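One structure is given here, and the rest of the page talks about it.
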Amino acid sequence: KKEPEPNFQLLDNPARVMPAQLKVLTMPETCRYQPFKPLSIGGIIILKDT
């Protein structure tokens, strides 16, 4: 049949994130912004910028 399996997924800013799967958040690679604190914790966080 078909075995596509897109091994990773993109999300926008206000992201539904089930807690059990926060700890494998794939940070926005080489983005303009940078997370001020370890992304492993949920909720609201402030971003440093360039």
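In the structure tokens, the first chain shown is A, the next is B, and so on; residue numbers restart at 1 for each chain, and ligands run from 1 in the order shown.
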Practice task
Give me the residues within 6 Å of stretch 29-36 of chain A as number ranges by chain, counting only C-alpha atoms and dropping any in the same chain fewer than 3 places off.
Solution key: A: 47-49
**Asked** So which residues touch residue A:24 within 12 Å, counting only C-alpha atoms, skipping near sequence neighbours fewer than 3 positions away, as an NGL selection string?
**Response** :A and (8-9 or 17-21 or 27 or 38-42)
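The space separating atom CA of residue A:28 from atom CA of residue A:4 comes to 23.1 Å.
Atom CA of residue A:44 is found 12.3 Å from atom CA of residue A:16.
One finds atom CA of residue A:6 at 15.5 Å from atom CA of residue A:25.
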Exercise for review: Determine which residues of chain A receive a DSSP assignment of strand (DSSP E or B), computed from the backbone, and state them as a PyMOL selection string.
Suggested key: chain A and resi 34-35+47-48
